[PDB]
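Since the structure comes first, as structure tokens, the remarks are kept for the end.
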Amino acid sequence: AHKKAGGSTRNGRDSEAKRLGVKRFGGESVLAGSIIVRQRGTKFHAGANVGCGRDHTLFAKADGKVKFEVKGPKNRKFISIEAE
Amino acid sequence: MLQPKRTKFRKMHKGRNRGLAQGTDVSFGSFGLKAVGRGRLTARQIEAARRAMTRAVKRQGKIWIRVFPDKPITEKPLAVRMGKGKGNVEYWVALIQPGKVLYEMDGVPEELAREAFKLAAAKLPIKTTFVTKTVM
Amino acid sequence: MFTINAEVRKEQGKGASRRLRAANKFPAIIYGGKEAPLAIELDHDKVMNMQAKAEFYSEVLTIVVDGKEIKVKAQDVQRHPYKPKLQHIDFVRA
Amino acid sequence: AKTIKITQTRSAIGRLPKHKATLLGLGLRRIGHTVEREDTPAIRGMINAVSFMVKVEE
RNA sequence: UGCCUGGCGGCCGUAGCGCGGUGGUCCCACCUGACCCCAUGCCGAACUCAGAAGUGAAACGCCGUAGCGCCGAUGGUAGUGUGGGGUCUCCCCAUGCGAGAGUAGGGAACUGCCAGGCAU
RNA sequence: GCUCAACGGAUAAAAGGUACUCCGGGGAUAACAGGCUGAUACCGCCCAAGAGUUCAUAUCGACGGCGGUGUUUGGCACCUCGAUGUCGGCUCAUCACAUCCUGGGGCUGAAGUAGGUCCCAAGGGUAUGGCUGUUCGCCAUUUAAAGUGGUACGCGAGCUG
RNA sequence: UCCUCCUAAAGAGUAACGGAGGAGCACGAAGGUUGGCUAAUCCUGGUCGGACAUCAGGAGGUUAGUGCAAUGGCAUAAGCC
RNA sequence: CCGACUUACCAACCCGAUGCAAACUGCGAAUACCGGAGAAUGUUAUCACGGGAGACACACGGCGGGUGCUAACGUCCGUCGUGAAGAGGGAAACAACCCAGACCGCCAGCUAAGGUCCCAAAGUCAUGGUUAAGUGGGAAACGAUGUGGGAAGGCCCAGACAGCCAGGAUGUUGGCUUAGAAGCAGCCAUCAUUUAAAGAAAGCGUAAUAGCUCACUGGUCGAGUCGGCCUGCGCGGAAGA
Ligand SMILES: [Mg+2]
Ligand SMILES: [Mg+2]
Ligand SMILES: [Mg+2]
Ligand SMILES: [Mg+2]
Ligand SMILES: [Mg+2]
Ligand SMILES: [Mg+2]
Ligand SMILES: [Mg+2]
Ligand SMILES: [Mg+2]
Ligand SMILES: [Mg+2]
Ligand SMILES: [Mg+2]
Ligand SMILES: [Mg+2]
Ligand SMILES: [Mg+2]
Ligand SMILES: [Mg+2]
Ligand SMILES: [Mg+2]
Ligand SMILES: [Mg+2]
Ligand SMILES: [Mg+2]
Ligand SMILES: [Mg+2]
Ligand SMILES: [Mg+2]
Ligand SMILES: [Mg+2]
Ligand SMILES: [Mg+2]
Ligand SMILES: [Mg+2]
Ligand SMILES: [Mg+2]
Ligand SMILES: [Mg+2]
Ligand SMILES: [Mg+2]
Ligand SMILES: [Mg+2]
Ligand SMILES: [Mg+2]
Ligand SMILES: [Mg+2]
Ligand SMILES: [Mg+2]
Ligand SMILES: [Mg+2]
Ligand SMILES: [Mg+2]
Ligand SMILES: [Mg+2]
Ligand SMILES: [Mg+2]
Ligand SMILES: [Mg+2]
Ligand SMILES: [Mg+2]
Ligand SMILES: [Mg+2]
Ligand SMILES: [Mg+2]
Ligand SMILES: [Mg+2]
Ligand SMILES: [Mg+2]
Ligand SMILES: [Mg+2]
């Protein structure tokens with residue numbers, strides 16, 4: 001014909017971005033309950049004064065200053081808080 | 001016709017051919033064909049060069065292919081408009097950076113190996129040069 | 001047996017090394033033993049003809065810096081990817 | 001307190017937003033304008049950022 | 001105060017593997033027996049109980065040794081922010097930052113509290 | 001209690017034709033032509049396995065590579081939808097040269113006749129009919145030859161339809 | 001409409017009729033807690049029995065597993081009883 | 001009754017040496033982002049609330065990409081600049097490129113990009129070099145004793161590179177193959193001899209011979225010569241209305 005009709009793709013789908021990542025970095029002063037990192041799995045583990053939610057959201061269990069550190073035999077990344 | 005037996009995915013992004021090469025030394029044979037320019041070597045191009053180069057030396061010595069076509073290239077058919085998904089895989093190519101050794105040769109005299117690589121480089125789009133093995 | 005006249009580098013880095021190679025010298029280092037490593041520069045063409053020999057890379061070389069003798073070995077060589085040039089040379093003392 | 005003199009030698013029409021803010025933090029308003037600024041590492045960093053378009057006399 | 005041993009940490013491979021040797025006073029481990037407390041999808045293997053005949057074999061601790069693991073410069077290279085150029089699919093120059101790999105080397109952990117045994 | 005899944009869900013409840021058409025708009029958006037590009041196409045060149053009795057390059061030329069032109073099929077949607085009339089024919093042309101004839105030349109697997117293939121050359125010249133709306137094409141018979149392409153696939157305020 | 005990865009340029013976000021896959025559930029245990037336990041694969045030996053069933057030892061160390069895609073995570077297991 | 005070997009076959013796992021990856025990571029930047037502190041600068045440039053909007057067709061250029069042909073003044077994103085909504089100077093003419101942001105007037109001066117022989121303002125400026133192609137002032141693979149520069153190499157008054165004179169010989173027509181293969185279709189060998197030298201021959205030629213040169217050598221001449229490597233600027237490749 002004058003023009004050749006094309007096909008169709010089968011890859012159009014994608015899901016919404018979940019806004020994961022670190023919310024407060026090292027040195028941030030946070031209130032109790034502040035979300036530090038939103039995660040899939042425990043890439044960062046909960047240290048002192050830090051709690052882990054059902055979806056592994058790390059949140060502050062006290063007022064203070066955020067600190068990242070590496071601890072344990074496995075060199076895992078822990079998030080703790082110095083109470084200030 | 002060099003081509004991967006199976007691939008994890010059948011199509012790949014266009015990408016960019018930047019940087020210098022890895023594998024710039026004659027590691028297997030005694031002589032080598034080294035790419036001076038950059039570009040794409042199709043499997044047909046590589047195989048045509050291999051036929052001339054192996055036939056030049058009267059099937060003597062040993063011939064090494066140092067490059068492999070692992071990047072699939074898609075082409076839209078004639079007279080189809082833009083869009084409607086990505087095109088179909090037509091052929092495969094290897095990306096070539098300046099300095100990469102494309103072919104190696106051993107077991108033959110240097111004057112014969114030089115002549116064989118001349119005929120072989122006549123089939124390649126990229127500028128080449130003749131190199132020999134060195135002790136590092 | 002090979003005598004290499006080399007002068008210690010005044011400045012180092014990417015810009016300095018590229019300027020040096022444009023001026024037809026190339027950087028090299030001498031490390032080993034207990035003395036701190038010494039960064040030298042030396043003439044490209046003289047050493048390019050010298051290293052065309054196979055015995056250059058095995059036998060003991062001589063490097064003259066500030067009129068003082070250092071006994072070295074050609075530990076490694078970095079060549080230009082396609083041009084017949086030397087980017088850098090690693091030398092080991094004794 | 002080397003108290004150096006900063007002059008602007010080039011225009012700020014199509015410069016990056018960061019470079020425009022650096023000129024404003026240095027206090028330069030037009031080509032040929034000259035200002036008095038105290039010699040601090042903080043000020044020397046500003047001069048280094050926009051060195052392609054300012055000159056320093058001291 | 002010196003050595004040996006046990007427990008709880010710091011630390012997270014320079015600390016872990018391998019190879020060789022070495023220890024039973026105390027300790028540790030193997031070990032003896034088991035209606036029983038307690039336990040096995042069965043099984044006193046493990047867990048548990050009652051004990052101390054034997055033994056340091058395994059294990060565990062210690063000592064030595066690079067066949068590995070690991071750590072690792074200097075220099076160079078790749079990349080790159082800013083500004084400027086070219087022959088602009090890619091590069092180059094000024095300046096700032098500067099890897100990865102590799103090399104020379106390093107390397108058979110160091111350390112804190114308490115408890116016990118030997119010796120002074 | 002909703003494949004209200006057209007999933008921020010028009011109504012509880014709904015498919016088509018229009019060349020008999022009509023209005024408001026858009027070159028925001030297609031068909032012709034121009035424009036950009038040049039995958040494809042055409043032309044040229046690079047390397048020579050081989051065909052050519054033998055002999056790669058008289059003549060061809062595999063597998064491959066690099067360009068040119070704007071010239072086919074395309075890609076895009078930049079211009080025109082308060083209109084740029086769209087094929088073929090007739091009349092009248094004009095340019096380019098990648099030359100169909102005539103002119104000059106090199107090589108030939110050029111004995112002569114007659115060719116083949118390149119190089120130079122655009123001064124002039126370069127069919128009539130049968131059949132189809134045809135351009136083409138096939139066919140008949142000529143010719144020294146019945147060239148290729150651009151000119152809005154030249155030319156409808158010049159004709160035809 | 002929703003989920004996972006890439007494009008996405010090391011914070012977030014980021015388009016195309018871009019490249020690939022899934023969901024419209026399931027489970028009163030497959031949830032809570034306490035206690036306990038640790039794979040894939042290969043070698044050697046062993047009745048039917050063999051490449052590959054159950055068993056013993058060794059190597060190996062998560063190369064397994066997760067009710068269902070993909071990514072991240074998981075031994076203090078989030079895996080098994 | 002369980003066995004013990006072997007060969008030029010296939011050969012997984014493993015080892016050593018090599019590359020490749022948007023949907024690979026035992027590594028890993030520059031930047032960007034978040035936060036804390038300090039100075040200087042900035043007409044609060046920041047946030048909040050309220051009155052009024054417009055706008056939700058973007059375009060090109062740089063950089064990072066997807067798609068397309070790393071085709072398009074193509075298309076789709078990120079980011080910056082410009083145009084939109086921006087005059088002026090430059091790029092011949094040329095919204096988006098380079099320089100630079102027009103409050104008004106002046107027959108004042110200095111500069112930016114870009115330029116200075118004439119059109120047309122300003123160097124027929126100074127020093128050193130290169131090109132001969134009007135290259136400059138379109139285009140590749142590829143080709144060539146163009147020409148400049150650099151580092152090294154071979155030979156040479158014991159006579160070197162040309163050229164000229166003379167030889168270039170005996171096993172031998174090496175064997176195999178082939179209708180023939182006589183140095184020279186093709187295979188294996190490529191050795192001996194007299195030599196000053198000479199190849200079981202580099203090429204032309206023959207149906208096979210024959211014949212003609214070359215390698216190599218002696219003489220003649222009597223001073224430099226030959227071939228690669230790197231590199232600057234040129235040359236051909238290069239045909240449209
Ligand atoms: Mg799919
Ligand atoms: Mg730089
Ligand atoms: Mg470094
Ligand atoms: Mg490093
Ligand atoms: Mg390293
Ligand atoms: Mg809807
Ligand atoms: Mg909707
Ligand atoms: Mg109407
Ligand atoms: Mg209208
Ligand atoms: Mg339009
Ligand atoms: Mg059109
Ligand atoms: Mg558009
Ligand atoms: Mg128009
Ligand atoms: Mg119209
Ligand atoms: Mg009108
Ligand atoms: Mg012509
Ligand atoms: Mg005339
Ligand atoms: Mg008629
Ligand atoms: Mg015409
Ligand atoms: Mg027309
Ligand atoms: Mg008309
Ligand atoms: Mg009329
Ligand atoms: Mg009329
Ligand atoms: Mg991100
Ligand atoms: Mg980012
Ligand atoms: Mg809208
Ligand atoms: Mg829009
Ligand atoms: Mg846009
Ligand atoms: Mg556009
Ligand atoms: Mg603006
Ligand atoms: Mg507007
Ligand atoms: Mg303007
Ligand atoms: Mg103008
Ligand atoms: Mg002036
Ligand atoms: Mg004048
Ligand atoms: Mg002058
Ligand atoms: Mg010209
Ligand atoms: Mg013959
Ligand atoms: Mg040229």
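Scheme for the structure tokens: letters A, B, ... for chains in order shown; per-chain residue numbers from 1; ligand numbers from 1 in order shown.
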
Inset, instruction - For residue 60 (chain C), work out the shell of residues within 9 Å, counting only C-alpha atoms (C1' of nucleotides) and skipping chain neighbours fewer than 4 positions away, then give it as a PyMOL selection string. - result: chain C and resi 1-2+56+71-74+94

Inset, instruction - Give the residue list for ligand 22 at 10 Å, counting only C-alpha atoms (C1' of nucleotides) and all ligand atoms, as a VMD selection string, sorted by chain and then by residue number. - result: chain F and resid 156 to 160

Got time to write the residues from that selection, N, CA and C atoms (P, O5', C5', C4', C3', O3' and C1' of nucleotides), as a PDB file, in the first residue's frame?
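Heads up, here's the output in selection.pdb:
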```
ATOM      1  P     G F 156       0.169  24.779 -16.543  1.00  0.00           P
ATOM      2  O5'   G F 156      -0.973  24.307 -17.542  1.00  0.00           O
ATOM      3  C5'   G F 156      -1.394  25.114 -18.633  1.00  0.00           C
ATOM      4  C4'   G F 156      -2.894  25.243 -18.644  1.00  0.00           C
ATOM      5  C3'   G F 156      -3.504  26.007 -17.483  1.00  0.00           C
ATOM      6  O3'   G F 156      -3.484  27.407 -17.692  1.00  0.00           O
ATOM      7  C1'   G F 156      -4.701  23.984 -17.852  1.00  0.00           C
ATOM      8  P     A F 157      -3.211  28.420 -16.480  1.00  0.00           P
ATOM      9  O5'   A F 157      -3.677  29.826 -17.063  1.00  0.00           O
ATOM     10  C5'   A F 157      -4.976  29.986 -17.613  1.00  0.00           C
ATOM     11  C4'   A F 157      -5.416  31.429 -17.616  1.00  0.00           C
ATOM     12  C3'   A F 157      -4.617  32.368 -18.497  1.00  0.00           C
ATOM     13  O3'   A F 157      -5.001  32.298 -19.856  1.00  0.00           O
ATOM     14  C1'   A F 157      -4.900  33.349 -16.379  1.00  0.00           C
ATOM     15  P     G F 158      -3.958  32.687 -21.007  1.00  0.00           P
ATOM     16  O5'   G F 158      -2.722  31.709 -20.763  1.00  0.00           O
ATOM     17  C5'   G F 158      -2.876  30.297 -20.733  1.00  0.00           C
ATOM     18  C4'   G F 158      -2.902  29.716 -22.123  1.00  0.00           C
ATOM     19  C3'   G F 158      -3.664  28.418 -22.301  1.00  0.00           C
ATOM     20  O3'   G F 158      -5.067  28.597 -22.348  1.00  0.00           O
ATOM     21  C1'   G F 158      -1.595  28.253 -23.398  1.00  0.00           C
ATOM     22  P     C F 159      -6.024  27.578 -21.566  1.00  0.00           P
ATOM     23  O5'   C F 159      -6.348  26.431 -22.620  1.00  0.00           O
ATOM     24  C5'   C F 159      -6.923  26.739 -23.879  1.00  0.00           C
ATOM     25  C4'   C F 159      -6.848  25.573 -24.828  1.00  0.00           C
ATOM     26  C3'   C F 159      -7.474  24.279 -24.345  1.00  0.00           C
ATOM     27  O3'   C F 159      -8.883  24.244 -24.499  1.00  0.00           O
ATOM     28  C1'   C F 159      -5.334  23.821 -25.214  1.00  0.00           C
ATOM     29  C1'   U F 160      -7.497  18.854 -24.009  1.00  0.00           C
ATOM     30  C3'   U F 160      -9.878  19.074 -24.071  1.00  0.00           C
ATOM     31  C4'   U F 160      -9.221  20.060 -25.016  1.00  0.00           C
ATOM     32  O3'   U F 160     -11.052  18.521 -24.641  1.00  0.00           O
ATOM     33  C5'   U F 160      -9.761  21.459 -24.938  1.00  0.00           C
ATOM     34  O5'   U F 160      -9.506  22.024 -23.664  1.00  0.00           O
ATOM     35  P     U F 160      -9.801  23.553 -23.376  1.00  0.00           P
TER      36        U F 160
END
```

Inset, instruction - Give as a VMD selection string the residues surrounding ligand 4 up to a distance of 10 Å, considering only C-alpha atoms (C1' of nucleotides) and all ligand atoms. - result: (chain E and resid 72 to 73 99 to 102) or (chain H and resid 27)

Would you output that residue set with N, CA, C and O atoms (P, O5', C5', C4', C3', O3' and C1' of nucleotides), as a PDB file, in the first residue's frame?
```pdb
ATOM      1  P     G E  72      43.381  -1.066  51.653  1.00  0.00           P
ATOM      2  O5'   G E  72      44.894  -1.098  51.160  1.00  0.00           O
ATOM      3  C5'   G E  72      45.910  -0.409  51.871  1.00  0.00           C
ATOM      4  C4'   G E  72      47.214  -0.444  51.118  1.00  0.00           C
ATOM      5  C3'   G E  72      47.152   0.017  49.674  1.00  0.00           C
ATOM      6  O3'   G E  72      47.170   1.423  49.532  1.00  0.00           O
ATOM      7  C1'   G E  72      48.366  -1.998  49.795  1.00  0.00           C
ATOM      8  P     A E  73      46.318   2.116  48.363  1.00  0.00           P
ATOM      9  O5'   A E  73      47.402   2.391  47.233  1.00  0.00           O
ATOM     10  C5'   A E  73      48.061   3.639  47.130  1.00  0.00           C
ATOM     11  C4'   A E  73      49.169   3.761  48.143  1.00  0.00           C
ATOM     12  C3'   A E  73      50.250   4.774  47.808  1.00  0.00           C
ATOM     13  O3'   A E  73      49.876   6.089  48.176  1.00  0.00           O
ATOM     14  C1'   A E  73      51.252   2.732  48.453  1.00  0.00           C
ATOM     15  P     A E  99      42.811   9.031  44.004  1.00  0.00           P
ATOM     16  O5'   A E  99      42.524   7.468  43.963  1.00  0.00           O
ATOM     17  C5'   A E  99      42.481   6.778  42.725  1.00  0.00           C
ATOM     18  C4'   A E  99      41.061   6.560  42.274  1.00  0.00           C
ATOM     19  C3'   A E  99      40.616   5.118  42.101  1.00  0.00           C
ATOM     20  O3'   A E  99      40.217   4.530  43.325  1.00  0.00           O
ATOM     21  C1'   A E  99      39.973   6.385  40.206  1.00  0.00           C
ATOM     22  P     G E 100      40.868   3.147  43.812  1.00  0.00           P
ATOM     23  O5'   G E 100      40.437   2.099  42.697  1.00  0.00           O
ATOM     24  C5'   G E 100      39.091   1.665  42.588  1.00  0.00           C
ATOM     25  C4'   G E 100      38.886   0.810  41.365  1.00  0.00           C
ATOM     26  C3'   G E 100      39.898  -0.306  41.160  1.00  0.00           C
ATOM     27  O3'   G E 100      39.607  -1.460  41.924  1.00  0.00           O
ATOM     28  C1'   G E 100      39.651   0.891  39.151  1.00  0.00           C
ATOM     29  P     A E 101      40.793  -2.272  42.636  1.00  0.00           P
ATOM     30  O5'   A E 101      41.578  -2.964  41.437  1.00  0.00           O
ATOM     31  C5'   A E 101      40.935  -3.898  40.582  1.00  0.00           C
ATOM     32  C4'   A E 101      41.722  -4.110  39.315  1.00  0.00           C
ATOM     33  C3'   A E 101      43.168  -4.546  39.486  1.00  0.00           C
ATOM     34  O3'   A E 101      43.313  -5.942  39.685  1.00  0.00           O
ATOM     35  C1'   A E 101      43.080  -2.734  37.989  1.00  0.00           C
ATOM     36  P     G E 102      44.337  -6.509  40.785  1.00  0.00           P
ATOM     37  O5'   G E 102      45.768  -6.117  40.210  1.00  0.00           O
ATOM     38  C5'   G E 102      46.225  -6.616  38.963  1.00  0.00           C
ATOM     39  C4'   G E 102      47.425  -5.841  38.487  1.00  0.00           C
ATOM     40  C3'   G E 102      48.620  -5.815  39.422  1.00  0.00           C
ATOM     41  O3'   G E 102      49.405  -6.994  39.337  1.00  0.00           O
ATOM     42  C1'   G E 102      48.149  -3.621  38.699  1.00  0.00           C
TER      43        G E 102
ATOM     44  P     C H  27      32.720  -4.473  47.755  1.00  0.00           P
ATOM     45  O5'   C H  27      33.752  -3.884  46.699  1.00  0.00           O
ATOM     46  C5'   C H  27      33.774  -2.499  46.406  1.00  0.00           C
ATOM     47  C4'   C H  27      34.959  -2.129  45.555  1.00  0.00           C
ATOM     48  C3'   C H  27      35.117  -0.641  45.299  1.00  0.00           C
ATOM     49  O3'   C H  27      35.791   0.013  46.358  1.00  0.00           O
ATOM     50  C1'   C H  27      35.301  -1.826  43.255  1.00  0.00           C
TER      51        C H  27
END
```

Inset, instruction - Could you list, as a ChimeraX atom specification, the residues of chain G having an atom within 8 Å of chain B when counting only C-alpha atoms (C1' of nucleotides)? - result: /G:17-19

Those residues with N, CA, C and O atoms (P, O5', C5', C4', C3', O3' and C1' of nucleotides), as a PDB file, in the first residue's frame please?
```
ATOM      1  P     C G  17       3.554   6.056  24.206  1.00  0.00           P
ATOM      2  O5'   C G  17       3.200   4.737  23.398  1.00  0.00           O
ATOM      3  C5'   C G  17       4.049   3.603  23.481  1.00  0.00           C
ATOM      4  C4'   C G  17       4.371   3.056  22.116  1.00  0.00           C
ATOM      5  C3'   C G  17       5.007   4.056  21.152  1.00  0.00           C
ATOM      6  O3'   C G  17       6.022   3.416  20.387  1.00  0.00           O
ATOM      7  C1'   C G  17       2.999   3.175  20.219  1.00  0.00           C
ATOM      8  P     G G  18       7.540   3.936  20.464  1.00  0.00           P
ATOM      9  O5'   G G  18       7.912   3.789  22.001  1.00  0.00           O
ATOM     10  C5'   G G  18       8.172   2.506  22.545  1.00  0.00           C
ATOM     11  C4'   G G  18       9.634   2.291  22.839  1.00  0.00           C
ATOM     12  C3'   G G  18       9.979   0.930  23.415  1.00  0.00           C
ATOM     13  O3'   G G  18      10.092  -0.060  22.410  1.00  0.00           O
ATOM     14  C1'   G G  18      11.025   2.609  24.695  1.00  0.00           C
ATOM     15  P     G G  19       9.608  -1.561  22.690  1.00  0.00           P
ATOM     16  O5'   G G  19      10.730  -2.138  23.656  1.00  0.00           O
ATOM     17  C5'   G G  19      12.062  -2.298  23.196  1.00  0.00           C
ATOM     18  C4'   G G  19      12.955  -2.868  24.267  1.00  0.00           C
ATOM     19  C3'   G G  19      12.484  -4.154  24.924  1.00  0.00           C
ATOM     20  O3'   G G  19      12.786  -5.297  24.148  1.00  0.00           O
ATOM     21  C1'   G G  19      13.186  -2.629  26.580  1.00  0.00           C
TER      22        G G  19
END
```

Inset, instruction - Please report, as a list in words, each residue of chain D to which DSSP assigns strand (DSSP E or B) when run on this structure's backbone. - result: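 Filtering chain D to strand (DSSP E or B) leaves residues 4, 5, 6, 7, 8, 34, 35, 36, 37, 54, 55, 56 and 57 of chain D.
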
Written file, previous selection with N, CA and C atoms, as an mmCIF file, in the first residue's frame:
```cif
data_model
loop_
_atom_site.group_PDB
_atom_site.id
_atom_site.type_symbol
_atom_site.label_atom_id
_atom_site.label_comp_id
_atom_site.auth_asym_id
_atom_site.auth_seq_id
_atom_site.Cartn_x
_atom_site.Cartn_y
_atom_site.Cartn_z
ATOM 1 N N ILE D 4 42.146 42.817 48.918
ATOM 2 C CA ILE D 4 42.428 42.825 47.490
ATOM 3 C C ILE D 4 41.302 43.504 46.718
ATOM 4 N N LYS D 5 41.609 43.879 45.476
ATOM 5 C CA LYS D 5 40.688 44.567 44.577
ATOM 6 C C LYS D 5 40.175 43.581 43.537
ATOM 7 N N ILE D 6 38.854 43.491 43.392
ATOM 8 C CA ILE D 6 38.223 42.595 42.426
ATOM 9 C C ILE D 6 37.578 43.426 41.327
ATOM 10 N N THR D 7 37.867 43.079 40.074
ATOM 11 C CA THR D 7 37.276 43.726 38.910
ATOM 12 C C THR D 7 36.582 42.679 38.049
ATOM 13 N N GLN D 8 35.427 43.033 37.494
ATOM 14 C CA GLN D 8 34.717 42.162 36.564
ATOM 15 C C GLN D 8 35.081 42.527 35.129
ATOM 16 N N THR D 34 34.793 47.705 40.109
ATOM 17 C CA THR D 34 35.870 47.303 41.000
ATOM 18 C C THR D 34 35.384 47.439 42.434
ATOM 19 N N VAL D 35 35.651 46.419 43.251
ATOM 20 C CA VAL D 35 35.188 46.387 44.630
ATOM 21 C C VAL D 35 36.348 46.049 45.552
ATOM 22 N N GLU D 36 36.168 46.393 46.822
ATOM 23 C CA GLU D 36 37.136 46.117 47.871
ATOM 24 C C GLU D 36 36.630 44.921 48.668
ATOM 25 N N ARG D 37 37.455 43.883 48.787
ATOM 26 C CA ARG D 37 37.078 42.693 49.540
ATOM 27 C C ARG D 37 38.259 42.204 50.360
ATOM 28 N N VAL D 54 36.665 37.470 36.181
ATOM 29 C CA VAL D 54 37.125 38.517 37.082
ATOM 30 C C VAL D 54 38.647 38.493 37.085
ATOM 31 N N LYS D 55 39.241 39.622 37.465
ATOM 32 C CA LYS D 55 40.681 39.719 37.649
ATOM 33 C C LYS D 55 40.973 40.361 38.996
ATOM 34 N N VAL D 56 42.125 40.015 39.564
ATOM 35 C CA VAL D 56 42.486 40.418 40.916
ATOM 36 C C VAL D 56 43.801 41.181 40.865
ATOM 37 N N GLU D 57 43.845 42.325 41.541
ATOM 38 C CA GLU D 57 45.057 43.112 41.697
ATOM 39 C C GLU D 57 45.367 43.261 43.179
#
```

Legend entry - Test item: residues lying within 10 Å of ligand 32 with only C-alpha atoms (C1' of nucleotides) and all ligand atoms, as number ranges by chain: H: 82-83, 86-89, 95, 100-101

Legend entry - DSSP alpha helix (DSSP H) selection over region 30-119 of chain B, as an MDAnalysis selection string: chainID B and resid 43:56 110:119

Inset, instruction - Can you tell me which residues come within 12 Å of ligand 11 when counting only C-alpha atoms (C1' of nucleotides) and all ligand atoms, ideally as a PyMOL selection string? - result: chain F and resi 30-36+74-79+152

Produce as a PDB file with C-alpha atoms (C1' of nucleotides), in the first residue's frame the set of residues near ligand 7, where near means within 12 Å with only C-alpha atoms (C1' of nucleotides) and all ligand atoms considered.
```pdb
ATOM      1  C1'   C F   4     -18.458   2.000  37.486  1.00  0.00           C
ATOM      2  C1'   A F   5     -11.523  -2.303  34.013  1.00  0.00           C
ATOM      3  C1'   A F   6     -12.485   3.995  29.316  1.00  0.00           C
ATOM      4  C1'   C F   7     -10.263   1.614  36.725  1.00  0.00           C
ATOM      5  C1'   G F   8     -10.650  10.509  39.759  1.00  0.00           C
ATOM      6  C1'   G F   9     -15.965   6.538  37.971  1.00  0.00           C
TER       7        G F   9
ATOM      8  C1'   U G   1      -6.049   0.983  36.918  1.00  0.00           C
TER       9        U G   1
END
```

Give one line per residue of chain F that approaches ligand 20 to at most 8 Å, naming the two atoms of the closest pair and their distance in Å to one decimal, counting only C-alpha atoms (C1' of nucleotides) and all ligand atoms; sort by chain then ascending residue number and deliver it as JSON lines.
```
{"residue": "F:152", "atom": "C1'", "partner": "ligand 20", "partner_atom_place_in_ligand_line": "1 (Mg)", "distance": 6.6}
{"residue": "F:153", "atom": "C1'", "partner": "ligand 20", "partner_atom_place_in_ligand_line": "1 (Mg)", "distance": 6.0}
{"residue": "F:154", "atom": "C1'", "partner": "ligand 20", "partner_atom_place_in_ligand_line": "1 (Mg)", "distance": 6.5}
{"residue": "F:155", "atom": "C1'", "partner": "ligand 20", "partner_atom_place_in_ligand_line": "1 (Mg)", "distance": 7.6}
```

Those same residues - N, CA, C and O atoms (P, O5', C5', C4', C3', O3' and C1' of nucleotides) - I'd like them written as a PDB file, in the first residue's frame.
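New file selection.pdb:
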```
ATOM      1  P     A F 152       9.315  24.042 -12.152  1.00  0.00           P
ATOM      2  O5'   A F 152       8.727  22.657 -11.638  1.00  0.00           O
ATOM      3  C5'   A F 152       9.051  22.161 -10.346  1.00  0.00           C
ATOM      4  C4'   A F 152       7.848  21.582  -9.647  1.00  0.00           C
ATOM      5  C3'   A F 152       6.702  21.128 -10.549  1.00  0.00           C
ATOM      6  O3'   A F 152       6.064  20.011  -9.940  1.00  0.00           O
ATOM      7  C1'   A F 152       5.910  22.733  -9.044  1.00  0.00           C
ATOM      8  P     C F 153       5.305  18.908 -10.822  1.00  0.00           P
ATOM      9  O5'   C F 153       6.202  17.608 -10.640  1.00  0.00           O
ATOM     10  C5'   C F 153       7.580  17.623 -10.975  1.00  0.00           C
ATOM     11  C4'   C F 153       7.998  16.340 -11.642  1.00  0.00           C
ATOM     12  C3'   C F 153       7.335  16.031 -12.972  1.00  0.00           C
ATOM     13  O3'   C F 153       7.980  16.681 -14.054  1.00  0.00           O
ATOM     14  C1'   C F 153       7.302  14.106 -11.583  1.00  0.00           C
ATOM     15  P     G F 154       7.140  17.526 -15.130  1.00  0.00           P
ATOM     16  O5'   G F 154       7.962  18.879 -15.263  1.00  0.00           O
ATOM     17  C5'   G F 154       8.061  19.800 -14.189  1.00  0.00           C
ATOM     18  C4'   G F 154       8.042  21.218 -14.691  1.00  0.00           C
ATOM     19  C3'   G F 154       6.733  21.699 -15.304  1.00  0.00           C
ATOM     20  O3'   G F 154       5.810  22.178 -14.343  1.00  0.00           O
ATOM     21  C1'   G F 154       8.509  22.210 -16.761  1.00  0.00           C
ATOM     22  P     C F 155       4.244  21.862 -14.471  1.00  0.00           P
ATOM     23  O5'   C F 155       3.772  22.729 -15.721  1.00  0.00           O
ATOM     24  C5'   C F 155       3.855  24.145 -15.705  1.00  0.00           C
ATOM     25  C4'   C F 155       3.706  24.721 -17.093  1.00  0.00           C
ATOM     26  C3'   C F 155       2.428  24.376 -17.841  1.00  0.00           C
ATOM     27  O3'   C F 155       1.368  25.255 -17.495  1.00  0.00           O
ATOM     28  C1'   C F 155       4.292  24.012 -19.247  1.00  0.00           C
TER      29        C F 155
END
```

Inset, instruction - Kindly compile the residues surrounding ligand 3 within 10 Å, counting only C-alpha atoms (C1' of nucleotides) and all ligand atoms, and format them as a list in words. - result: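 These are the residues that qualify: residues 13 of chain C; 73, 74, 75, 76, 77, 98 and 99 of chain E.
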